[PDB]
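Colleague: 3D model of this:
(chains A and B)
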Amino acid sequence: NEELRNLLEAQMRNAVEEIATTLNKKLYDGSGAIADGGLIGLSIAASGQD
Amino acid sequence: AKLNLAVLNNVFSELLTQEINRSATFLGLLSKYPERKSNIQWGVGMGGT
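Modeller: Residues are numbered from 1 along each chain as shown, chains lettered A, B, ... in the order given. Sharing the structure here:
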């Protein structure tokens, strides 16, 4: 398969596109939270929270 | 008719009627491909990162 030869470039593209799809995954729920990425998010940005 | 009642002919007519359902509908659109190998073999990707 002429996509899996250059194993650095292929895994780099999976690494960036996993940063992106966990970025909006934890964007509906941030909660501050050092383990969660540092976002505050939208579960408490659209409620009666502070 | 005591004459020619034992010497008649028994011809049929040209009326064969097909009574069986011999059809290939789903086979008729699968985009048939040739293959000269023991087994088709490809790769399936999962997640993990």
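Colleague: what about residue 42, how many neighbours?
Modeller: All of this refers to chain A. Counted with other C-beta atoms under 10 Å in any protein chain shown, the neighbours of residue A:42 add up to 13. To be clear about C-beta, it is placed using only N, CA and C from the backbone, and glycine gets the same treatment.
Colleague: oops, wrong one, chain B.
Modeller: Using other C-beta under 10 Å, the number of residues around residue B:42 comes to 5.
Colleague: now do it against residue A:19, distance only.
Modeller: In this structure, residue B:42 and residue A:19 are separated by 29 Å, where distance is defined by C-beta to C-beta, to the nearest Å.
Colleague: what residue is smack in the middle of chain B?
Modeller: With distances taken as C-alpha atoms, centre = their mean, residue B:22 lies nearest the centre of chain B, 4.7 Å away.
Colleague: CA atoms of stretch A:10-29 as PDB?
Modeller: As requested, C-alpha coordinates have been extracted for stretch A:10-29 and formatted as PDB (Å, rounded to 0.1, in the frame of the first residue of the first chain):
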ATOM      1  CA  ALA A  10       1.500   8.600   8.000                       C
ATOM      2  CA  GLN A  11       1.600   8.400  11.800                       C
ATOM      3  CA  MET A  12       2.200  12.200  12.000                       C
ATOM      4  CA  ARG A  13      -1.100  12.700  10.100                       C
ATOM      5  CA  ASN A  14      -2.900  10.300  12.400                       C
ATOM      6  CA  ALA A  15      -1.400  12.100  15.400                       C
ATOM      7  CA  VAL A  16      -2.600  15.600  14.300                       C
ATOM      8  CA  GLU A  17      -6.100  14.300  13.300                       C
ATOM      9  CA  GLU A  18      -6.400  12.700  16.800                       C
ATOM     10  CA  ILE A  19      -5.500  16.000  18.500                       C
ATOM     11  CA  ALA A  20      -8.300  17.500  16.400                       C
ATOM     12  CA  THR A  21     -11.000  14.900  17.000                       C
ATOM     13  CA  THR A  22     -10.400  14.900  20.800                       C
ATOM     14  CA  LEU A  23     -10.300  18.700  20.800                       C
ATOM     15  CA  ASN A  24     -14.000  19.100  19.900                       C
ATOM     16  CA  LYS A  25     -14.700  15.900  21.800                       C
ATOM     17  CA  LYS A  26     -13.700  17.700  25.000                       C
ATOM     18  CA  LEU A  27     -15.100  21.000  23.800                       C
ATOM     19  CA  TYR A  28     -18.700  20.200  24.800                       C
ATOM     20  CA  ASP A  29     -17.400  19.400  28.300                       C
END
